[PDB]
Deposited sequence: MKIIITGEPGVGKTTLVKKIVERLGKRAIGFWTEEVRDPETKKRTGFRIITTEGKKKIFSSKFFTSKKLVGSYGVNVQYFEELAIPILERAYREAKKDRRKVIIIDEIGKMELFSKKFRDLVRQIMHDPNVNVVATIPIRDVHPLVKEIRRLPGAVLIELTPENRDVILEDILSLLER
């Protein structure tokens, strides 16, 4: 089961992912991305590891507007937790890989792109992932059109009801 959550910036995709993680408990393995307050973005894993990987203070060749992205800081936390999530999820179908966000800042990492492609196209694992509403990178387009996936456009009008639909589709 692949749940792909999309929607406008600020609509609450991370917030929803966090609710999903709490409900899933030990089933959920991966990471989400929280705003630093806005001056940047922090990766937070399901093990509570945290690091600012994109910031208005960071000098970088990898830029999204005024945010400098440190690919190495992102990878330090993202890659090992996703490699673990993928190993565990292949053996235990109760596990759900968590990836917030497959977005422009994260996609500067080749290691992340390759691992995301491997995970998303593997029929044998469950995933909850977010993508931006615009096709800001070819991998975002690829994931938006992923065959068999559940694609949810998160809005202010379904924000407070959509959780149970998602949780039912995943095993109770």
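Chemist: Where does the structure fail to cover the deposited sequence at the C-alpha level?
Modeler: In the chain as deposited, only 38 to 43 carries no coordinates.
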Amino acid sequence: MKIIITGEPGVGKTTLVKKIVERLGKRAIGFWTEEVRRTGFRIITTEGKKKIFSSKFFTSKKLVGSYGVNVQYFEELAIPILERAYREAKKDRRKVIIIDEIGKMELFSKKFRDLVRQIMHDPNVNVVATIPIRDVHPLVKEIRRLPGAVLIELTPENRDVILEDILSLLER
From here on, numbers count along this sequence of modelled residues.
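Chemist: Higher mean Cα B-factor in the deposited model: 70 to 78 or 88 to 96?
Modeler: If you average the C-alpha B-factors of 70 to 78 and of 88 to 96, the larger mean comes out for 88 to 96.
Chemist: Between 59 to 67 and 100 to 108, point out the one with the higher average CA B-factor as the PDB entry records it.
Modeler: 59 to 67 has the higher mean C-alpha B-factor.
Chemist: Looking at the temperature factor on the CA atom of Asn126, which third of the chain's modelled residues does it land in?
Modeler: Within its chain, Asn126 is a middle-third residue by C-alpha B-factor, going by the deposited values.
Chemist: Relative to the other modelled residues in the chain, which third contains the C-alpha temperature factor of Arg113: lowest, middle or highest?
Modeler: For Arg113, the deposited C-alpha B-factor lands in the lowest third.
Chemist: When the deposited Cα B-factors of this chain's modelled residues are ordered and cut into thirds, is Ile29 in the lowest, the middle or the highest one?
Modeler: According to the entry, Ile29 has a C-alpha B-factor in the chain's lowest third.
Chemist: Would the CA B-factor of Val21 place it in the lowest, middle or highest third of its chain?
Modeler: Answer is middle: the recorded C-alpha B-factor places it there.
Chemist: Should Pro147 be placed in the lowest, middle or highest third of its chain by the C-alpha B factor in the entry?
Modeler: Answer is highest: the recorded C-alpha B-factor places it there.
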